[PDB]
Amino acid sequence: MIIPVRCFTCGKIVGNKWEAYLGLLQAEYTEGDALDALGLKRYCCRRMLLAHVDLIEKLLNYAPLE
Amino acid sequence: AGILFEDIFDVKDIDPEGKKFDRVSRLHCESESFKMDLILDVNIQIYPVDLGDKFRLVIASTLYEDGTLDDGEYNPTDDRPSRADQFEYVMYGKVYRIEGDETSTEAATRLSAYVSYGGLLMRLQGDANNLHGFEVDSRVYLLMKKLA
Amino acid sequence: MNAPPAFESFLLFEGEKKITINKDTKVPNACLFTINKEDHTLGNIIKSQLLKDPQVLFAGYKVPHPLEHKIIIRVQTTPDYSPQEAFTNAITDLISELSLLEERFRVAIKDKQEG
Amino acid sequence: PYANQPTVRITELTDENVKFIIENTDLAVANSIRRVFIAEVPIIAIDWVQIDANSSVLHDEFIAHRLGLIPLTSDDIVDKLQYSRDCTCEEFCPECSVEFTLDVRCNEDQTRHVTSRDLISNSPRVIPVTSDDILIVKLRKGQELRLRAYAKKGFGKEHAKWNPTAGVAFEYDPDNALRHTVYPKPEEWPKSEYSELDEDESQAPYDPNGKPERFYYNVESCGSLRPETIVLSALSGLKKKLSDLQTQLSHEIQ
Ligand SMILES: [Zn+2]
Ligand SMILES: [Zn+2]
């Protein structure tokens, strides 16, 4: 739905890296290089940014009921 | 004394049927004096023995060298002088079988005594005269010391 | 629904004793310490320190059930040294060890920061 | 019959992790210290989220759960703070909690990112550690999120939001000298970073007289506490637990 705050396994903060991850990918980085640049060494943390599907961007297409 | 048996053996084979337990080896040993055949499972990991070694073996009823019964219970705080201090490897088991070449007519000349040190099995074959101390379902201590 | 509250794994409720001693009648000089609202954190460390004592003939611990919060520590000792005395001495040894470790860790932090 | 004399050696100390080695200690003390790093170091984390208005796409419990997981700077305040359950108040006074206020209205057409920057504390010592900032929720034009929340002292045993560590690496016997693990093919296994063997061995020779010692640690902080503060608070808390147990035992014996 949205990027989780913590890494599920180890508890490292990941929610403050989704926009930076996408920005690095727009800079023509391999996904491994992007995750290494963000400093995610344990594959538990890397799994979360590598496999996250951001549906909130799609949910924001619908107008709010206010 | 309480020493049911004593001898010096030499290892003539280490693990004859191929290795089957990564920490235990089935030594086959001969005795030069009593000419007893010995099979004995030894935890080689803590007491490594290789082929052609020699060692004094002693099967004893007790360890306190006074005839005082052991009670068959683990007492780490023992002030009595233990016979085990004169030996490198000490195991504690129960003799569970005494076979022989006896017929219904005559007694046995050759006896084979089997002991189980917690699972580590030993057989001691030889003439009956040296195995009269062994009796089934009695506790024994195997005391083994390498000889130079 | 039936999920227990998260706080009732370290909190004693009303009229619950933190630690209870019961002599073991099967063996002389043996006691069972049932400590409530504890886990392997204290069980394993206290067991290890008790094993370091030379007068302790037996020291073991178990959690009876993981969903419940108790540790039963069985301590058997030589006839001239009570299990309660051994338990107290083990805890004082652990406290001294951790105080020394705090001091040395502080010294190491100061050295690494200065360095 | 008495305590070991443990010796510390700090190998690396950054602002996000501390690496150190403890020698002359039994395995149980080291394991309990790691356990106390994970589950018994108190920090300050958000609890009691009261939502006044939430027209975002994420439902209320989702937002509250995300707020709980935000780490808060609790380096020096948490020790003098009290557990709310023990305090004598309406459960929220400055001596047992820290108020937070979020009030975000998305008026521009562009997607508004509700980050941890938008969490306003009433105490300057306690802020989100990122203040990139942790995204809480994205808002559309006309959507609003407005709430107030507090932050209580708790530790990781109660809930994982209070866990201060982002993964505690722990190791001992890097060459497998004690053979506490038995490799079927030891050649296939990579050397640990603390290994001291050459590139022709796979394991150290077996040591029957060996005992575990020289435990290697690497405590990575999520951010709410400095790693050295995590270790010091951990040792203090374990000592406090043992002293309280001694007090209760002395009362029981008496
Ligand atoms: Zn992770
Ligand atoms: Zn209060």
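Within every chain, numbering begins at 1; the chains are lettered A, B, ... in the order of the sequence lines, protein sequences first and strands thereafter. Only this structure's heavy atoms are used, side chains among them; waters, hydrogens and symmetry mates stay out. Every number for a ligand or one of its atoms is a count from 1 in the order of the listing.
Here the angle at the Zn ion (ligand 2) defined by SG in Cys89(D) and SG in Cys96(D) stands at 110°, rounded to 10 degrees.
Within the protein, the N, O or S atoms lying under 2.8 Å from the Zn ion (ligand 1) are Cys7(A) SG, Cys10(A) SG, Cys44(A) SG, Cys45(A) SG.
Salt-bridge check for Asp244(D) with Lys18(C): failed, with every basic side-chain N at 4.0 Å or more from each acidic carboxylate O. A salt bridge between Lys41(A) and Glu220(D) is absent, with no side-chain N of the basic residue lying under 4.0 Å from a carboxylate O of the acidic one. With respect to the salt-bridge test (charged N to carboxylate O, under 4.0 angstrom), the residues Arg179(D) and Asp22(B) do not qualify.
Side chain to side chain, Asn4(D) and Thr25(D) fail the donor-acceptor criterion of an N or O pair below 3.5 Å. Under 3.5 Å, the side chains of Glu144(D) and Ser55(D) contain no donor-acceptor pair of N or O atoms.
At least one donor-acceptor pair closer than 3.5 Å links the side chain of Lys153(D) to the backbone N or O of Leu81(D).
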